[PDB]
Amino acid sequence: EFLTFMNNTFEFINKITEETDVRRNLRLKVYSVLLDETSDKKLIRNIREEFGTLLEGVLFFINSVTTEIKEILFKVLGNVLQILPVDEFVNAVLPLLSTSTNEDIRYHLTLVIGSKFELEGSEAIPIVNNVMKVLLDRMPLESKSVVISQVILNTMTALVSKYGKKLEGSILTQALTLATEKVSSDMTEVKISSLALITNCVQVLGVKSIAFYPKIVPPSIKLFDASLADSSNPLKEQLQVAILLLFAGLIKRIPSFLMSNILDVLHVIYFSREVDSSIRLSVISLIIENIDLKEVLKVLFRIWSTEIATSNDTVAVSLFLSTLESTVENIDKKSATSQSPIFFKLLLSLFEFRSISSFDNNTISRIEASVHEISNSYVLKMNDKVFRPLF
Amino acid sequence: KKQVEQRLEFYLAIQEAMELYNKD
Amino acid sequence: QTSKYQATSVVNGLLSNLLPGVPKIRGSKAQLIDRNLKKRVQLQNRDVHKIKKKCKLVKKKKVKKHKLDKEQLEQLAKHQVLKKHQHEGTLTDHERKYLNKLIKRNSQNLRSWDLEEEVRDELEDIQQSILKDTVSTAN
Amino acid sequence: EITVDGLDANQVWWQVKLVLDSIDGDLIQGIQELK
RNA sequence: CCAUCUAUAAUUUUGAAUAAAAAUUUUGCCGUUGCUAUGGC
């Protein structure tokens, strides 16, 4: 009865708003007013104000819907979203976020704003700068709501990824400061959004983010240790990937500054159980072609003796072997000779792995085979003088 | 003719976010 | 679950930007060791650069298509504004030049069909001869 | 600015190296003019 | 390829039990018909 009528009711606003001639199209009429210089400005603000209520009204029905009637509303909303340009969309929508009192509606308004920028270009740079100042100011207000908090951070992440470099620098630094503070948030969602924003922000800023470096890496390493402890976390896999992807982005952008703390980075990769091996093995490579190999080989000895040797983890050992073989096949003539005593010291420990190893004979034999080929690769590529004492 | 017959035969993302929130 | 979906979407985006070829988020121990070592070389041999190219080209087409749609749409609205202003005599200085250009454009086009001045000279001369015999006028 | 808070000697040097190397180019050019 | 070593499967001890753990060693597709056998492409 009412539902059948109500189902019919939304066919109208779909039919009328559907963009099936200058005169007929509601969309086209809007631009003519905007393009028309003689049109009163007080007339324009009516269009902006009127649209905001219309967009809020349709969202309310969507929020409070019935599958077929639910489907029609999106057809209506899609027509509504395209009535007016991005220039007027942001002006007529950004004020409504604070005005809106419903958490569901605020959750909806954030999504639509991002969708408009999904297909925009450099023309919206001044628009995007305005949006950030609003979104940044709403973050302390919306800290209570996780879903709203997560979405706002996600929207910032997508758009800092897209032409983020062209955005005014003050916003970027403020976003980075905002993200680092939210990393400590207890809720897993805020962290992964916080880590995600740091990756892009560090990517754009590059060396200019070095000031925040003490606030990025040391917390992340501590976060990873907590990540292992809470294995019941439903987002453990997503959280761990975020930590790894955080390192991967900054391994590309700030290699030199990370060499000192490179050891803990490897500790993250080796012992990140939930993440896929392909994810880990990929970021192993990036270390090789971005960070000085000589530092790596020094660290490979320490990590092996400290953790990997007693780890008794198949994945960790295999990942360690993949690192060592990759380094030796890339390390240069001069660097290999200089670092030779440490490599041989590591080699002796590797030979002695059978004594302490808890794995079966087949594994240890296969592991030993990988050790021998790299040693043959490493002993080759040096001169007589360096090798004679070591022999 | 039946033989000929056989020969004849032979030759939105935000929408998803909206719905998934309502389910919760 | 929007927590979950939003969580995945963000990390999935990061993965494509940084590790395009890596898959997205959705037995004997010796064999495991061998597999990982094999995965190293093939991943090293993966052709990531063309993957990055493909996603760019896909995105560029969508942005280009929308840009054309905006470019087309505003011209129709722009031309509409010219109609209403012209009928009401609200023409601005800019609008009085665009139409004036159209006068030149159309008038320039009609000149080609108007033919040359040199040809009309003998055409006119031939034209009179044929009239005067058929129209007569001696009587 | 060269950040020193919460950063080791090696990291500080990298900040020093990038700044000085960039400043080397114009400083040398300035010296050539003054000569 | 042969051996060897693993893997899979079975009996057994603690064990309500799970659990670990020593120990040992009929079709490519589609049906019908039984609880097995044959009809179409």
| message | Which pairs turn up if I take residues in the range A:355-368 that are within 11 Å of chain C (Cβ to nearest Cβ) and look for partners that are among the small types (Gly, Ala, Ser) and within 11 Å of RNA strand E (Cβ to nearest atom) with beta carbon separation below 7 Å, at least 6 apart in sequence or on another chain? | response | A:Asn362/C:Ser28; A:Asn362/C:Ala30; A:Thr363/C:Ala30; A:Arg366/C:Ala30
| How many residues are under 19 Å from A:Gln240 (Cβ atoms) and more than 35 Å from the chain's Cα centre (by Cα) if we restrict to the range C:12-38? | 3
| Of the residues that make up the range C:20-29, is at least one hydrophobic (A, V, I, L, M, F, W, C) and either within 30 Å of A:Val317 (Cβ to Cβ) or within 16 Å of RNA strand E (Cβ to nearest atom) (or both)? | yes
| task | Looking at (1) within 11 Å of chain C (Cβ to nearest Cβ); (2) part of a helix (DSSP H, G or I); (3) away from RNA strand E (no atom under 16 Å from the Cβ), find the lone condition where A:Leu350 falls short. | result | (1)
| said: Within the range A:366-391, take every residue that is among the hydrophobic types (A, V, I, L, M, F, W, C) and within 16 Å of RNA strand E (Cβ to nearest atom) and give me the one that is surrounded by the most Cβ atoms within 10 Å (Cβ to Cβ). | reply: A:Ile367
| task | Test A:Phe343 against the criterion of being within 16 Å of RNA strand E (Cβ to nearest atom) and among the aromatic types (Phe, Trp, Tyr), and give yes or no. | result | no
| field | Among (1) in contact with a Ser or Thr (Cβ under 6 Å, 6 or more places away or on another chain); (2) facing another protein chain (nearest Cβ under 10 Å); (3) among the hydrophobic types (A, V, I, L, M, F, W, C); (4) within 21 Å of A:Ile198 (Cα to Cα), the one test that A:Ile243 misses | value | (2)
| query | Within the range C:30-46, is there a residue that is away from RNA strand E (no atom under 16 Å from the Cβ), more than 10 Å from every other protein chain (Cβ to nearest Cβ), assigned to a helix (DSSP H, G or I) and closer than 21 Å to A:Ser115 by Cβ? | reply | no
| task | Output the number of residues of the range D:1-15 satisfying the condition of being surrounded by 12 or more Cβ atoms within 10 Å (Cβ to Cβ) and in a helix (DSSP H, G or I). | result | 6
| request: Could you pull out the residue among A:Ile287, A:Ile308, A:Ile331 that is in a loop (DSSP other than H, G, I, E, B), more than 10 Å from chain C (Cβ to nearest Cβ), out of contact with any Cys (no Cβ under 9 Å at 6 or more places or on another chain) and among the β-branched types (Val, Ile, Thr)? | output: A:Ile331
| said: Would you confirm whether or not the range C:95-118 contains a residue that is loosely packed, with under 15 Cβ neighbours inside 10 Å, in a helix (DSSP H, G or I) and facing chain A (nearest Cβ under 8 Å)? | reply: no
| Hey, A:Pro234 hits all of (1) more than 14 Å from chain D (Cβ to nearest Cβ); (2) closer than 28 Å to C:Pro23 by Cα; (3) in a helix (DSSP H, G or I) but one; which does it fall short on? | (3)
| remark: So the helices (runs of 4 or more DSSP H) completely within the range A:24-134 holding 2 or more residues that are in contact with a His (Cβ under 8 Å, 6 or more places away or on another chain) are A:41-63
| query | Residue check: is C:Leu15 away from RNA strand E (no atom under 16 Å from the Cβ), within 9 Å of chain A (Cβ to nearest Cβ) and not polar (S, T, N, Q)? | reply | yes
| task | Please verify whether the range C:41-58 includes one or more residues that are acidic (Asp, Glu), more than 29 Å from the chain's Cα centre (by Cα) and more than 30 Å from A:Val283 (Cα to Cα). | result | no
| said: For C:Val63, only one of the following conditions fails: (1) in a helix (DSSP H, G or I); (2) more than 16 Å from RNA strand E (Cβ to nearest atom); (3) more than 30 Å from A:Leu34 (Cβ to Cβ). What is its number? | reply: (3)
| in contact with a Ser or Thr (Cβ under 9 Å, 6 or more places away or on another chain) and surrounded by fewer than 12 Cβ atoms within 10 Å (Cβ to Cβ), is that true of A:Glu37? | yes
| said: If the requirement is being surrounded by 15 or more Cβ atoms within 10 Å (Cβ to Cβ), part of a helix (DSSP H, G or I) and within 16 Å of RNA strand E (Cβ to nearest atom), which of these qualifies: A:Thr363, A:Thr337, A:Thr323? | reply: A:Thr363
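All Cβ positions, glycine included, derive from the backbone under ideal geometry; neighbour counts span all protein chains shown. Read the figures in this text as sums done on the coordinates, not as results from a lab.
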